[PDB]
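Student: output the structure for:
(one chain, ligands or ions: 8)
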Amino acid sequence: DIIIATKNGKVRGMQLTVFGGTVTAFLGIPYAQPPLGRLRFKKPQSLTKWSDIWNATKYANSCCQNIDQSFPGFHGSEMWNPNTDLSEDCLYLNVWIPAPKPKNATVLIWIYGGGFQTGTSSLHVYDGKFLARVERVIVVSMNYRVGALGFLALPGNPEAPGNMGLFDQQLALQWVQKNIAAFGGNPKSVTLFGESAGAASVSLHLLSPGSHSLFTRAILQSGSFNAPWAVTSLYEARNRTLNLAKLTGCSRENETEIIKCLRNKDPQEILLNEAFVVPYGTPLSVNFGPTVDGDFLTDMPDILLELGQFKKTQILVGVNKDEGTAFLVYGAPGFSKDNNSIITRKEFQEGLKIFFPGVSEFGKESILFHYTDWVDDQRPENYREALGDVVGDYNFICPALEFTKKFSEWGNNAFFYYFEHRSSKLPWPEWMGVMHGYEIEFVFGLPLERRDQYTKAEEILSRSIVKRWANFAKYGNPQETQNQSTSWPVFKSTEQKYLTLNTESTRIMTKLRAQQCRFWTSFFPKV
Ligand SMILES: *[C@@H]1O[C@H](CO[C@@H]2O[C@@H](C)[C@@H](O)[C@@H](O)[C@@H]2O)[C@@H](O[C@@H]2O[C@H](CO)[C@@H](O)[C@H](O)[C@H]2NC(C)=O)[C@H](O)[C@H]1NC(C)=O
Ligand SMILES: *[C@@H]1O[C@H](CO[C@@H]2O[C@@H](C)[C@@H](O)[C@@H](O)[C@@H]2O)[C@@H](O[C@@H]2O[C@H](CO)[C@@H](O)[C@H](O)[C@H]2NC(C)=O)[C@H](O)[C@H]1NC(C)=O
Ligand SMILES: COc1cccc(CN(CCCc2ccccc2F)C2CCC2)c1OCc1ccccc1
Ligand SMILES: *[C@@H]1O[C@H](CO[C@@H]2O[C@@H](C)[C@@H](O)[C@@H](O)[C@@H]2O)[C@@H](O)[C@H](O)[C@H]1NC(C)=O
Ligand SMILES: *[C@@H]1O[C@H](CO[C@@H]2O[C@@H](C)[C@@H](O)[C@@H](O)[C@@H]2O)[C@@H](O)[C@H](O)[C@H]1NC(C)=O
Ligand SMILES: CC(=O)N[C@H]1[C@H]([C@H](O)[C@H](O)CO)O[C@@](O)(C(=O)O)C[C@@H]1O
Ligand SMILES: *[C@@H]1O[C@H](CO)[C@@H](O)[C@H](O)[C@H]1NC(C)=O
Ligand SMILES: *[C@@H]1O[C@H](CO)[C@@H](O)[C@H](O)[C@H]1NC(C)=O
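Tutor: Numbering: from 1, shown residues only. Ligands and ions are numbered 1, 2, ... in the order given. See below for the structure:
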C-alpha cells in the first residue's frame with residue numbers, strides 16, 4: 001500500500017504492472033472546490049483539507065462537454081470522446097510516479113487539447129504510466145473546464161471573468177508546485193506539454209505572469225496561442241456570451257443577473273446552445289476560448305509575443321504532416337472518411353466557404369490562387385490535398401512556425417519537429433495521412449507495448465521520441481545521445497532548422513512550408 005501525505009490530506013494510489021516493472025498511479029486527486037452552484041463560471045477556488053485517506057484509484061469525472069457524434073462506433077473519432085462520466089465536478093488531476101519512488105524526478109504536466117470545448121485527461125492516449133516506467137519522470141495531467149463553462153467571458157466580471165479553464169490548469173500547476181515533492185518529484189523541474197488547444201494553453205502559460213514560476217520548460221504539439229482558433233476576441237466573447245444568454249432566455253441588463261440566470265440552467269442546456277452563439281461555425285470553431293481577460297492574459301498575446309513578454313526558457317514545438325485533413329470530413333463537401341474524397345475545383349471552392357465563412361470573395365480567391373499552382377493539373381488528388389494543406393497550414397503549421405520564430409528571437413533555445421509518420425493502426429483512411437493528434441500516442445510511448453499491434457519500427461520511433469521528450473524535460477535538450485541519433489539543432493530564425501520524426505530516416509531540414517506560410521502569416525491577415 002502506498003499512501004502519500006499531500007498538503008490537503010492523504011491520498012491512496014494503486015500499483016500498475018508496466019514492462020516487467022511497476023508504476024504508482026494516483027488517479028483523480030481533486031485540486032479545487034468543485035465549481036458548482038455559485039462557483040460555476042468563477043475562477044477555481046481553493047480546496048478544503050480532508051482528514052480521510054482520499055482514494056485516488058480511478059479516473060475522475062470528465063468536465064461537461066459536447067461529444068463528437070459524427071461517426072458513432074468509429075474508433076477514430078470515438079477515441080477522443082470522454083471515457084468517464086461528464087460532470088461539473090471535474091477539477092481533478094492524475095499522478096504517475098515511478099517505482100521505486102523517485103528522489104528528485106523531473107515532472108511532466110500534460111494539458112490535453114480538444115478545441116477548448118472538449119477533452120479529458122483520462123483518455124487512453126494520455127496514459128502516463130509508460131513515461132513514468134521508461135524514463136523515471138513523473139507525469140501529471142489535469143481536467144480543466146471547457147466550452148462556455150470554462151471560457152464564458154464577461155470581461156472584468158468575477159462572476160464570469162473568462163479563462164476559467166486556464167486558471168483550472170494554473171491551479172493544477174500550483175498543486176504540483178506545493179505537493180509534487182511528496183511524490184518524489186522536483187518542482188524546480190516541471191515541463192508543461194500539451195497538444196492542440198493543450199499546446200495553445202501551454203503557450204499561454206508562457207505568457208501569463210501568474211504561471212511563470214509554476215514550470216521550467218514547455219512542449220507545444222500541433223498548437224500555439226497565435227493560431228486563428230486559439231484566442232477569442234473580447235468582442236466576439238461578448239457577442240457569444242450575450243447570444244448564449246438570449247438562446248437560454250437569460251438576457252438581462254444587469255450583467256451579473258445574466259450570470260446568475262445562466263447558473264440555474266442545467267449543464268445540458270448550456271451545452272446545447274454553445275454551437276449557435278456564432279452565426280457561421282466551422283469544424284475548427286472555438287466558440288468559447290481564451291480571452292484577454294486582464295487577469296491570466298493582460299494584453300493581446302500577439303503583442304506580448306512580438307515584444308518579448310513571456311517566460312524566457314526552452315521550448316520544443318512541432319506539427320504533423322497532415323494536420324488539416326481531420327477537419328475536412330466534418331463539413332467539407334465531397335469529403336468522406338469512407339472513400340478517397342477526390343474533389344473538384346468547385347468542391348474545393350465550396351470547401352473554402354465552409355472553412356472561411358466570414359471571409360471576402362477576394363480572400364477566398366487568394367487562398368485558391370496560392371494553393372492551386374499545380375505541379376500536375378491532371379492529378380485528381382490536387383484539390384483534395386490542397387484543401388487539407390489549406391486548413392493545416394493556416395490553422396496549425398504556420399502559426400506554430402511563427403510562434404517558434406518569434407519566441408526564439410529573444411535568445412532561447414527552440415526545437416522544432418515535423419512528425420510525418422502515419423500510425424500503422426490509424427483507423428482513418430490513408431488519404432488523411434499523418435493526422436492532427438496522432439503523434440500523441442508516440443509521445444506517450446503506447447507503441448512501446450509490443451502486444452499493441454504496432455510495428456517494431458513504430459516501437460523504435462516512440463522509444464526515441466520518449467527519450468527526446470524526457471531529455472528535453474530533464475535537460476532542455478531533446479537529443480538522443482546514445483544510439484547514434486540525428487542531432488536535433490536549435491531553431492534559429494535565420495536558418496530555421498527542424499527535425500523530421502519518422503520511421504525511415506530522421507533528417508534535418510530547413511524552413512518548413514516557407515512559401516505557404518508567407519501567404520498565411522504576412523498577406524492573409526490583411527484580408
Ligand atoms: C452577433 O450576434 C448576432 C445575433 O446572433 C443571432 O442570435 C443568436 C441567439 C444565434 O442564434 C445566432 O446564430 C444568430 O445569428 C448576429 O446577428 C445575426 O447575423 C445573422 C447573419 O450574420 C443573421 O442571419 C441574423 O438574423 C442576425 N441576428 C440578429 C439578432 O441580429 C451577429 O452576426 C453577430 N456578430 C458577429 C460579428 O458575428
Ligand atoms: C465520397 O462520399 C461522399 C459522402 O457521401 C456519403 O458517403 C459515401 C461513401 C456514400 O455512402 C454516399 O452515398 C453518401 O451520401 C460523397 O458526397 C456526396 O456526393 C453526392 C453525389 O455527388 C452528393 O449528392 C452529396 O451531397 C454528397 N455529400 C457530401 C456530404 O459531400 C462523395 O460523392 C464521394 N466521393 C467519392 C469520390 O467517392
Ligand atoms: C484546433 O482544434 C479544434 C478546434 C475546434 C474544434 C475541434 C474539434 N472538432 C472535431 C475534431 C476533428 C479531429 C481532429 C484531429 C484528430 C481527430 C479528429 F476527430 C469539432 C468539429 C466537430 C467536432 C478541434 O480539434 C480538437 C482535437 C484535438 C486532438 C484530437 C482530436 C480533436
Ligand atoms: C478506500 O479504500 C480502502 C482500501 O480498500 C482498497 O480498495 C478496494 C476497492 C480494493 O482495491 C482493496 O484491495 C484496497 O485495499 C477501503 O477500505 C475504504 O473503505 C475506501 N474508502 C473510501 C472513502 O472509499
Ligand atoms: C532537487 O534538485 C533541486 C535543483 O533542481 C535543479 O535545477 C532545475 C533547473 C532542474 O532542471 C533540475 O533537473 C535540477 O536538479 C535542489 O535545489 C533541491 O534541493 C533538490 N531536492 C531534493 C530533495 O533532491
Ligand atoms: C458521475 C459520478 O458522480 N460517478 C460516481 C460513480 C457512479 O455514479 C456509480 O458507479 C453509478 O453509476 O459512483 C462512485 O461511487 C464510484 O463508483 O466510485 C463515485 C463516482 O463519482
Ligand atoms: C446587479 O445585481 C447584483 C445583485 O446582487 C448587485 O449586487 C449589483 O450591484 C447589480 N449591479 C447593477 C449595475 O445593477
Ligand atoms: C538504444 O539501443 C538499446 C540497445 O542497444 C535499446 O535497448 C534502447 O531502448 C535504445 N534507446 C533508444 C532511446 O532508442
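Student: who touches the closest residue in space to residue 123 that isn't next to it in sequence in this structure?
Tutor: Spatial nearest neighbour of residue 123, chain neighbours left out: residue 83 (6.3 Å); criterion: Cβ to Cβ, 6 or more residues apart in numbering. In short, each C-beta sits where N, CA and C put it, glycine included. With contact taken as Cβ atoms under 8 Å, 6 or more residues apart in numbering, residue 83 is in contact with 59, 62, 120, 122-124.
Student: contacts only, for the residue of the chain most remote from its centre.
Tutor: Distance from the centre of the chain peaks at residue 378, with 37.6 Å (Cα atoms, centre = their mean). Residues near residue 378 by Cβ under 8 Å, 6+ apart: none.
Student: does residue 230 really touch residue 202, like I thought?
Tutor: No - counting by Cβ atoms under 8 Å, residue 230 stays clear of residue 202, with 11.1 Å between them.
Student: neighbour count winner among the two?
Tutor: residue 202 (29 against 24; other Cβ atoms under 10 Å).
Student: show me which residues of this structure are close to ligand 7?
Tutor: Neighbours of ligand 7 within the chain, by Cβ under 6 Å from any ligand atom: 254, 256-257.
Student: of those residues, closest to ligand 1?
Tutor: Ligand 1 has its nearest neighbour among the residues of the chain next to ligand 7 in residue 257, at 18.2 Å by Cβ to the nearest ligand atom.
Student: the closest one - how many residues pack around it?
Tutor: By other Cβ under 10 Å, neighbour count at residue 257 equals 14.
Student: mind listing what's buried in the helix or strand it falls within?
Tutor: Here residue 257 sits within helix 255-264, counting by DSSP states H and E. Within helix 255-264, the residues that count as buried by 16 or more other Cβ atoms under 10 Å are 255, 258-259, 262-263.
Student: on that earlier part again, tell me the residues that contact both of residue 230 and residue 202, please.
Tutor: Counting by Cβ under 8 Å, 6+ apart, the shared contacts of residue 230 and residue 202 are residue 223.
Student: ok so the residue nearest to residue 123 is a helix residue?
Tutor: No - counting by DSSP: H, G, I helix; E, B strand; the rest coil, residue 83 is not found in a helix; it is coil.
Student: ok, now how distant is it from residue 69?
Tutor: 16 Å (Cβ to Cβ, to the nearest Å).
Student: again with residue 250
Tutor: For residue 250, the distance to residue 69 - Cβ to Cβ - is 26 Å.
Student: neighbour count winner among the two?
Tutor: Shown here are residue 250 and residue 69; by other Cβ under 10 Å, residue 250 has more neighbours (22 against 9).
Student: would you confirm that the more buried one contacts residue 256?
Tutor: No - counting by Cβ under 8 Å, residue 250 stays clear of residue 256, with 11.5 Å between them.
Student: give me the neighbour count for the closest residue to ligand 7 within the stretch 51-200 of the chain.
Tutor: For the stretch 51-200 of the chain and ligand 7, the shortest gap (Cβ to the nearest ligand atom) falls at residue 159, measuring 9.3 Å. Neighbours of residue 159 under the rule other Cβ under 10 Å: 18.
Student: show me the contacts for it.
Tutor: 41-42, 256, 259-260 are the contacts of residue 159 under Cβ under 8 Å, 6+ apart.
Student: helix/strand/coil for the closest residue to residue 233 other than its chain neighbours?
Tutor: Closest residue to residue 233 apart from its sequence neighbours, by Cβ to Cβ, 6+ apart: residue 291 at 7.6 Å. Judged by three-state DSSP, the three-state class of residue 291 is coil.
Student: does residue 95 belong to a helix, a strand or coil?
Tutor: Residue 95 - assigned by three-state DSSP - is strand.
Student: tell me if I'm right that it and residue 23 touch.
Tutor: No - the pair residue 95 and residue 23 does not pass the contact test of Cβ under 8 Å, sitting 10.3 Å apart.
Student: the more surrounded of these two?
Tutor: Each of residue 95 and residue 23 has its neighbours counted (other Cβ under 10 Å); residue 95 has more, 29 against 24.
Student: grab the nearest non-local neighbour of the more buried one.
Tutor: residue 26 (4.1 Å).
Student: residue contacts, that neighbour?
Tutor: By Cβ under 8 Å, 6+ apart, the neighbours of residue 26 are 4, 11, 13, 56, 94-97, 183.
Student: go again using 10 Å as the cut-off
Tutor: 2, 4, 6, 11-14, 54-57, 93-97, 140, 183 (Cβ atoms under 10 Å, 6 or more residues apart in numbering).
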